Amino acid sequence: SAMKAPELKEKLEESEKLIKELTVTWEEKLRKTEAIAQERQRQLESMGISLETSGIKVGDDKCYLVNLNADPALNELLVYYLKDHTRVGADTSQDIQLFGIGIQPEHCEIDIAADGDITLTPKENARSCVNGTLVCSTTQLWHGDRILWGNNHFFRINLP
Amino acid sequence: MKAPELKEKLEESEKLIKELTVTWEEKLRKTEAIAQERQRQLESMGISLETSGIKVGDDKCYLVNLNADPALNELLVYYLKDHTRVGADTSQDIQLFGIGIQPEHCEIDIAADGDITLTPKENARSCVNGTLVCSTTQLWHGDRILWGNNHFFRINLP
């Protein structure tokens with residue numbers, strides 16, 4: 001029974017309404033999935049880290065802590081990236097979370113100033129050593145500095 | 001705008017719904033496959049990406065670069081293959097840059113039975129835990145390695 005133009009136009013309107021709605025839906029879904037799929041790359045770029053077949057490259061211009069402990073606790077990283085304010089301690093609030101003898105809930109702070117100066121500020125009752133010196137003052141850090149937190153948490157700062 | 005056009009376009013419209021659905025599904029699947037593949041690449045390297053940095057599997061055999069000089073051309077971490085040639089030449093598996101590094105400096109081998117050894121080369125300084133070594137030397141977890149004047153490494157072994 002041949003449909004005439006008003007009915008055809010109505011059905012076409014409904015069809016294209018369906019296509020538009022499907023488009024919005026799949027726009028949502030695709031943007032979500034792509035956003036999550038790009039996460040690793042965004043992270044690595046922010047940290048200036050290149051993951052190669054033969055190993056790990058880090059950026060010439062960013063600050064890193066390298067774990068020197070031969071037997072680190074299960075939670076610890078090998079390489080920590082340092083952006084501008086870094087909280088080190090046992091609390092969940094901390095950026096670098098360490099569990100060890102002598103490590104306080106809030107143990108120390110490492111700061112990168114707008115002019116590039118990197119400093120370490122100790123917290124109350126928290127033992128930090130830089131290059132074998134017990135830290136009692138905000139202490140400027142330099143490439144190759146060795147940091148000891150608590151009894152046996154050794155790190156090397158990397159800023160070439 | 002008139003009936004014939006409208007009906008042709010109506011059929012086209014339905015088929016089009018189906019086609020766009022398949023296309024979008026495909027692109028979704030593709031995106032997901034890419035994500036999964038790179039995750040697998042990381043897992044195969046023995047790497048975990050965390051909020052504050054990089055975790056490396058305890059099972060992984062690798063060298064940590066503690067160069068007393070600034071780097072710029074070296075890696076911070078080198079993975080060890082079964083046979084790893086270390087030196088200054090471009091043919092080496094681990095190419096290091098420094099006045100005390102020889103074109104062919106040393107070799108580190110992982111035997112089938114799991115033993116790890118370092119075999120030094122003539123005129124190339126290799127020190128293991130501070131001792132100058134001249135012949136094939138077994139390596140153990142946590143050993144300190146010095147190559148040349150400045151290339152301090154620590155080795156991670158199971």
Side-chain angles (χ1 to χ4, degrees), chain A residues 8-37 39-41 43-65 75-87 91-97 110 112 114, chain B residues 5-10 12-57 60 75-77 79:
Chain A
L8 286 165
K9 146 165 127 136
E10 165 162 0
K11 284 199 181 290
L12 187 56
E13 292 175 354
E14 271 303 296
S15 193
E16 298 191 9
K17 174 170 273 186
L18 178 57
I19 295 163
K20 286 184 193 63
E21 289 168 335
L22 272 162
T23 304
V24 178
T25 293
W26 280 97
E27 274 168 11
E28 298 169 18
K29 271 66 180 180
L30 284 178
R31 207 181 51 234
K32 285 176 202 167
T33 304
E34 294 155 30
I36 280 311
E39 245 321 289
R40 155 174 165 270
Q41 220 66 36
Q43 292 182 241
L44 289 169
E45 179 63 15
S46 78
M47 302 195 311
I49 287 176
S50 186
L51 303 176
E52 311 186 1
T53 302
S54 70
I56 305 170
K57 178 186 292 174
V58 303
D60 44 286
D61 54 335
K62 290 181 174 297
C63 182
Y64 307 89
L65 284 176
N75 67 307
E76 300 188 3
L77 307 188
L78 177 58
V79 184
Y80 291 89
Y81 167 62
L82 304 189
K83 65 197 180 33
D84 308 347
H85 187 65
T86 301
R87 301 181 65 181
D91 276 345
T92 184
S93 60
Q94 308 296 282
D95 301 296
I96 301 184
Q97 189 179 32
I110 296 175
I112 307 171
Chain B
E5 191 155 334
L6 288 168
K7 198 196 198 338
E8 294 178 353
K9 198 164 300 188
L10 179 64
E12 184 190 61
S13 197
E14 294 178 60
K15 188 168 182 172
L16 175 61
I17 303 170
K18 288 170 174 170
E19 182 201 46
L20 290 172
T21 298
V22 173
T23 297
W24 293 330
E25 281 171 357
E26 182 65 16
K27 138 156 207 174
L28 193 272
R29 175 217 180 220
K30 169 197 183 64
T31 303
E32 284 180 323
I34 293 165
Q36 285 178 314
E37 160 82 0
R38 56 92 143 106
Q39 184 170 45
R40 286 185 198 104
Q41 293 184 359
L42 294 210
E43 290 164 342
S44 75
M45 290 165 174
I47 303 314
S48 289
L49 177 54
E50 315 287 346
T51 299
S52 296
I54 308 293
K55 197 185 214 164
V56 182
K60 201 75 187 309
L75 306 180
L76 176 63
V77 175
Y79 307 147

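Lettering follows sequence order; numbering is per chain, from 1. The analysis underlying the following values was restricted to heavy atoms, covering all of them including side chains, and did not include hydrogens, waters or symmetry mates.
Residues A/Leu12 and B/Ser13 form a side-chain contact, since some pair of their non-hydrogen atoms from C-beta on lies under 4.5 Å apart. In this structure, the side chains of A/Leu18 and A/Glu14 stay at 4.5 Å or more apart for every pair of heavy atoms. Between B/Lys15 and B/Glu19 the shortest side-chain heavy-atom distance does not fall below 4.5 Å. When side chains are defined from C-beta on, A/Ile96 does not count as touching A/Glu76, because their heavy atoms never get closer than 4.5 Å. Within the 4.5 Å cutoff, the side chain of A/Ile112 has heavy atoms near those of the A/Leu82 side chain.
Remark: the backbone N or O of A/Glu13 is not paired with any side-chain donor or acceptor of A/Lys11 at under 3.5 angstrom. Looking only at distances, a side-chain donor or acceptor of B/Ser52 sits under 3.5 Å from a matching main-chain atom of A/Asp95. A donor-acceptor pair under 3.5 Å links the side-chain atoms of B/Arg38 to the main chain of A/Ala37, judged by distance alone.
The pair A/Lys57-A/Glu52 meets the salt-bridge criterion, with a side-chain N (NZ, NE, NH1 or NH2) lying under 4.0 Å from an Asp/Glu carboxylate O. A salt bridge links A/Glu34 and B/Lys27; the closest N-O separation between the charged side-chain nitrogens and carboxylate oxygens is under 4.0 Å. The pair B/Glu26-B/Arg29 meets the salt-bridge criterion, since a charged nitrogen lies less than 4.0 angstrom from a carboxylate oxygen.
With a 6.0 Å cutoff to the six-membered ring centre and a 45° limit on the axis angle, A/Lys62 does not count as a cation-pi contact of A/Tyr81.
Applying side-chain contact (heavy atoms from CB on, under 4.5 Å) to B/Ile54 and the options A/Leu77, A/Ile49, A/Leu78 leaves one that passes, A/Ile49.
Surrounding NZ of B/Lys30 are at most 12 heavy atoms belonging to other residues, nucleotides or ligands under 6.0 Å away. In A/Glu10, the CD atom is not crowded: 12 or fewer heavy atoms of neighbouring residues, nucleotides or ligands sit closer than 6.0 Å.
The two residues A/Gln43 and B/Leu49 make their nearest non-hydrogen contact at NE2-CG, 3.5 Å. Contact record, B/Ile17 with A/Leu22: CG2-CD1, 3.6 Å, taken as the closest heavy-atom pair.
Here the OH-CD1 distance, from A/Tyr80 to A/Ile110, works out to 11.5 Å after rounding to the nearest 0.5 Å.
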